[PDB]
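[1] Curious how this folds, go ahead:
(chains A, B, C, D, E, F, G, H and I, ligands or ions: 8)
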Amino acid sequence: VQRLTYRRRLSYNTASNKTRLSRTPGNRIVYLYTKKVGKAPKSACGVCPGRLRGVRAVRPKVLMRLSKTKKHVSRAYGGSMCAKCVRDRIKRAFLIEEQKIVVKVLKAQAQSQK
Amino acid sequence: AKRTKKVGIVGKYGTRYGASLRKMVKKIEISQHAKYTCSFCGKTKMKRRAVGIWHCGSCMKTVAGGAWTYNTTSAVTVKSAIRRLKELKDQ
Amino acid sequence: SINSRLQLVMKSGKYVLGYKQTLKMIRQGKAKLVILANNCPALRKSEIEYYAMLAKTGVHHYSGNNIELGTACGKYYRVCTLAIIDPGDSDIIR
Amino acid sequence: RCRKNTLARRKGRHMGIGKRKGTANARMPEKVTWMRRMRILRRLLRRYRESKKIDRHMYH
Amino acid sequence: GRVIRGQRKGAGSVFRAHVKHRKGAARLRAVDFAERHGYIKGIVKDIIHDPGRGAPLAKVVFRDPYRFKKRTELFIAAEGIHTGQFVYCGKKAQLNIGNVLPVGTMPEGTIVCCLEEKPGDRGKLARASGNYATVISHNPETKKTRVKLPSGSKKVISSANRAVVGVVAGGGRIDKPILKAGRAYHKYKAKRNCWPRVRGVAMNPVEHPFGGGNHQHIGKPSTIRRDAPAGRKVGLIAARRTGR
Amino acid sequence: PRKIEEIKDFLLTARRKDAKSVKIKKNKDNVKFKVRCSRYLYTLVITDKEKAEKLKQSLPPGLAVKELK
RNA sequence: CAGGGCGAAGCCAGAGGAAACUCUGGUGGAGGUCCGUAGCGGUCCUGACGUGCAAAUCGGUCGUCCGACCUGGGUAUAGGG
RNA sequence: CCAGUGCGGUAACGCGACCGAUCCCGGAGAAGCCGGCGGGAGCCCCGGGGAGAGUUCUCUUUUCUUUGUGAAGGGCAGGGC
RNA sequence: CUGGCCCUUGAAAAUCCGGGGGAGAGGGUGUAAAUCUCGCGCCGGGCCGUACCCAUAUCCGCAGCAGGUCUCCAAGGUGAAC
Ligand SMILES: [Mg+2]
Ligand SMILES: [Mg+2]
Ligand SMILES: [Mg+2]
Ligand SMILES: [Mg+2]
Ligand SMILES: [Mg+2]
Ligand SMILES: [Mg+2]
Ligand SMILES: [Mg+2]
Ligand SMILES: [Mg+2]
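    Numbering: from 1, shown residues only, chains lettered A, B, ... in the order given. Ligands and ions are numbered 1, 2, ... in the order given. Sharing the structure here:
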């Protein structure tokens, strides 16, 4: 076995010097310095644990290179909420208003009676 | 009474700490590593997260309960009394 | 109470247990009593309570658990909601 | 010279009591002979069920 | 001759409080129209717990009724509070668990916590982990109210100041024995450097007045004047009795 | 490097202002047409050895065709 | 921060019992748990050395080795302090 | 004469671009220790072909060495949900 | 992936991002603003560090001193095993 060495002046295994083996065309196993594993966005509702769908999970300053469609998904609240909490925020924003109409007429009949 | 007679959970503390203390810790060490039934979704998923904070796995509710039981008796007898004090005031 | 009448419906009549099957029978219109329990997330309560009012169906707030409804429905498990399609001899329907 | 020895250890030479040094559990972990075994019987009952050999209620 | 430990807890700098990971002060949402006349609303976000405290905190989100924004607080969570509950605040709020009211409004015997000792100080009394403070009796004019604290002492408080209803969550934290020296070091490693405490009888007489001797004895009465100089004032400070 | 899949496509990329040095390796049935550009190096892998020599007579202006060997 | 030992809760079957539950066979892998490398320590020979390799080292034997463990850099506390 | 701030899928979502400020909400940066299991890799191993070696007193289809593809794209495995 | 343990719950900020909202902009029947631009083309990235030892002879112990000094990689055999 040939054993290998670090390549940059850093020699402490850290979150920074995270490596991997690669076989170059010179038959020379060499260290290749990987990138931190990026995580996909979590929902803004704050209840669903899973990271979203339809978005590239990648380190944040990389989102500058990427395209608009890689970063969102084409819906209401797309790319920030999970669509199980969107379809609730629709039919929750419905009946909050509807039973405000119902109390509006029950209040208009309570003063019409009195 | 299989694998042991009367230590159960606190067998993990071995010969140490004295009997009367290992014994007293037992009832506690049972009621905190116990999984209770959520009173929202009904599913047996209430687990202790840290001191006085209880989380439901399924419905992702977090609840401020007792130190190592879901409900201190002091808090339950207060909840009944606080509820009667506002029905006595406002009716 | 309704631990007796429901016990008769499951045995003799037709019924649907749950949601997305109950909601599909208020959609069709062939259901005429939706028995919610407490512990149903007040969103699914208020949305069935309204989705049923539009179809002219009685709603019932069984003082249950979503567990003391499955225990009442002769089932061995968790039923939050339920919709009675057809009664047997049970006058669960008023 | 090593490869000739390992052909003996295939037929069970030099495997006697007098050449064992670790515990029986250290040489073959009883924890591993679940995963070897339970996986074999479970993968059998899975092939037996989808083959309409046994029913669901027999299998469970 | 030396400067005794206990004299040193004042300069700080080692005997100083350990507060990197602490979530922030546990306050009570200072006053405005909403508190002084109405009943401002708000919902509970989470019940995150802070190091060094037995009570869990709660990030409660109101919305600032002056500028389009969302103020977020940290209330010492009353036992029973759950995520998603609506916490209402102010004078017109109704009496149930987790609603902050002015003590002047709620009836006697009400069980409250996170009380204020002067109006507006955003919560000071009865907030530890399992403590509460019972309201005793009112006095309409002079706008004062008598309140029993967990120490059992009774204090006259001005009726204005507010207090959340219910008991502090996390009761009985003292009930399970620490049970091993590790769990103690591991416990104060979140509060400050006051651990393994060496008894004075084991130190040489230059370090602590109860020192010295060819036996580990005290030597002079362990009760001491309240009018003592710092350094002597060690042992039973101004004890009125001494014994079980 | 980018693999161009269509014969007509790099006939456009080989007409750029930035294009230069269309290199031709003969790989024993893979005859490749690497056209260096500012950003990328577009190559076409031809499978039919006849279509390749026909393409040799298409580099329009007098590019720097360097038959690689 | 090798490899092993003991084997806690939980769980599964099988068996008894009327019920409470109790037996038996597994699983499972808890612990300021045991042996024991690395590491950190320094018991005993009252060994070596004792103008030394060394202004405190060196051998054999030893203690501990998932926790009140060991460490690198940054930062704080300065003389009756 | 009007219309045209992109289109597809029932839905998860898809498409190469798809108008837009002050302000607001959220995510990423952004997390302990330990156990178990699975996937990938490098290395280790075994069977068999090449090439060059070693031994050949006798025996050994022998023993030894070596037997490759980077980032960045493009496609599809196999993992996870 | 999935667990256990905690009276221990285990970092902040630059930076970047999506979304809400929708003030405003656009040309008037082929164009126009716009492209969190898709492809492609042009120009630029200054300043300082960068030898070698890393240790039973390049560091500290008055020395080429059995002392001390933080890491990375890490084959065959036997064996449970670094
Ligand atoms: Mg760095
Ligand atoms: Mg997308
Ligand atoms: Mg002494
Ligand atoms: Mg003195
Ligand atoms: Mg000696
Ligand atoms: Mg001598
Ligand atoms: Mg010498
Ligand atoms: Mg160099």
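[2] And the residue of chain B found nearest chain C, which helix or strand is it part of?
    For chain B and chain C, the shortest gap (CB to the nearest CB) falls at residue B:42, measuring 4.8 Å. The C-beta positions use only the backbone N, C-alpha and C, and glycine is treated the same way. Residue B:42 is part of no helix or strand when elements are defined by DSSP states H and E.
[3] Next, the contact list for it, please.
    C:39, C:65, C:66, C:67, C:78 (CB atoms under 8 Å, 6 or more residues apart in numbering or on different chains).
[4] switch to 10 Å and redo it
    Taking CB atoms under 10 Å, 6 or more residues apart in numbering or on different chains, we find residue B:42 in contact with B:58-59, C:37, C:39, C:65-70, C:77-80.
[5] Next: residue A:59.
    Per CB under 10 Å, 6+ apart, neighbours of residue A:59: A:35, A:36, A:37, A:38, A:39.
[6] Which of those residues sits closest to residue E:203?
    Taking CB to CB as the measure, residue E:203 sits nearest to residue A:36 out of the contacts of residue A:59, at 51.7 Å.
[7] Please name the nearest non-neighbouring residue to the closest one.
    In space, residue A:36 comes closest to residue A:59 once its chain neighbours are excluded; the distance is 5.9 Å by CB to CB, 6 or more residues apart in numbering or on different chains.
[8] Next, residue A:108: secondary structure please.
    Residue A:108 carries the three-state label helix when classified by DSSP: H, G, I helix; E, B strand; the rest coil.
[9] before we move on, what about residue E:198?
    coil.
[10] coming back round to it: please report how far the residue of chain B closest to chain C lies from RNA strand H.
    As judged by CB to the nearest atom of the strand, to the nearest Å, residue B:42 and RNA strand H stand 22 Å apart.
[11] Angles on the backbone of that residue, please.
    Backbone torsions for residue B:42, taken as degrees, to the nearest 10, come to phi 80, psi -20.
[12] near chain E, which residues of chain C?
    With CB under 10 Å from any CB of the partner chain as the criterion, chain C meets chain E at residues residue C:41.
[13] Quick one: the helices in chain C, in order.
    Using DSSP state H, the helices of chain C run over C:2-12, C:22-28, C:42-53.
[14] can the ones you listed go into a markdown table with extra columns for mean neighbour count?
    Formatted as a markdown table, the helices of chain C follow (neighbours: other CB atoms under 10 Å in any protein chain shown):
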| stretch | mean neighbour count |
| --- | --- |
| helix C:2-12 | 16 |
| helix C:22-28 | 17 |
| helix C:42-53 | 17 |
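[15] Can I get those helices in CSV including distance to RNA strand I?
    Output for those, formatted as CSV (distance: least, CB to the nearest atom of the strand, whole Å):
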stretch, distance to RNA strand I
helix C:2-12, 34
helix C:22-28, 26
helix C:42-53, 20
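[16] RNA strand G is nearest to which of those helices?
    Nearest to RNA strand G among the helices of chain C is helix C:2-12; the distance by CB to the nearest atom of the strand comes to 23.7 Å.
[17] contacts for the closest one?
    With CB under 10 Å, 6+ apart as the test, helix C:2-12 has contacts from C:13, C:15, C:17, C:33, C:35, C:60, C:62-64, C:68-69, C:71-75, C:82, C:84-93.
[18] is it true that residue A:54 touches residue A:73?
    Yes - counting by CB atoms under 10 Å, residue A:73 is a contact partner of residue A:54 at 3.8 Å.
[19] Please enumerate the shared neighbours of the two.
    Taking CB under 10 Å, 6+ apart as the criterion, residue A:54 and residue A:73 both touch A:79, A:83.
[20] show me where chain A has helices.
    Applying DSSP H to chain A gives helices spanning A:68-71, A:86-113.
[21] With mean neighbour count as new columns, can those helices be given to me in CSV?
    Shown next, in CSV, are the helices of chain A (neighbours: other CB under 10 Å):
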stretch, mean neighbour count
helix A:68-71, 12
helix A:86-113, 12
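[22] Dump those helices to TSV, plus distance to chain E.
    Below are those laid out as TSV (distance: least, CB to the nearest CB, whole Å):
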stretch	distance to chain E
helix A:68-71	25
helix A:86-113	12
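[23] Please identify which of these is closest to ligand 2.
    Closest of these to ligand 2 is helix A:68-71, at 4.9 Å (criterion: CB to the ion).
[24] for the helices of chain A, which one sits closest to residue E:167?
    With distances scored as CB to CB, the stretch of the helices of chain A nearest to residue E:167 is helix A:86-113 (31.8 Å).
[25] hmm, that closest one in reach of chain C?
    Yes - contact of helix A:86-113 with chain C (CB under 10 Å from any CB) involves A:88, A:89, A:91, A:92, A:94, A:95, A:96, A:98, A:99, A:102.
[26] For the second one, which residues are in contact?
    Under the criterion of CB under 10 Å, 6+ apart, the contact list for residue A:89 reads A:45, A:76, A:77, A:81, C:43.
[27] Surely residue F:52 is in a helix?
    Yes - under three-state DSSP, residue F:52 falls within a helix.
[28] shouldn't it be in contact with residue F:28?
    No - applying CB under 10 Å, one finds residue F:52 not in contact with residue F:28, separated by 11.9 Å.
[29] Who has more neighbours out of these two?
    Ranked by neighbour count (other CB atoms under 10 Å in any protein chain shown), residue F:52 and residue F:28 place residue F:52 first, with 20 against 6.
[30] Excluding covalently adjacent residues, which one is nearest to that one?
    What sits nearest to residue F:52 in space, not counting adjacent residues and going by CB to CB, 6+ apart, is residue F:31, at 4.0 Å.
[31] Pull up the gap between the one you found and residue F:23, please.
    Distance, residue F:31 to residue F:23, by CB to CB, to the nearest Å: 11 Å.
[32] picking that back up, compare the helices of chain C and report which one is nearest to residue E:42.
    helix C:42-53 (17.9 Å).
[33] how about that closest one, does it reach chain A?
    Yes - with CB under 10 Å from any CB as the criterion, chain A is reached by helix C:42-53 at C:42, C:43, C:44, C:45, C:46, C:47, C:49, C:50, C:51.
[34] Make a markdown table out of the helices of chain C and add distance to residue F:1.
    Shown next, in a markdown table, are the helices of chain C (distance: least, CB to CB, whole Å):
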| stretch | distance to residue F:1 |
| --- | --- |
| helix C:2-12 | 70 |
| helix C:22-28 | 56 |
| helix C:42-53 | 55 |
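[35] Determine the number of other residues adjacent to residue A:45.
    The local packing of residue A:45 (other CB under 10 Å) involves 16 other residues.
[36] give the contact list for it.
    By CB under 10 Å, 6+ apart, the residues touching residue A:45 are A:77, A:80, A:81, A:82, A:84, A:85, A:86, A:88, A:89, B:60.
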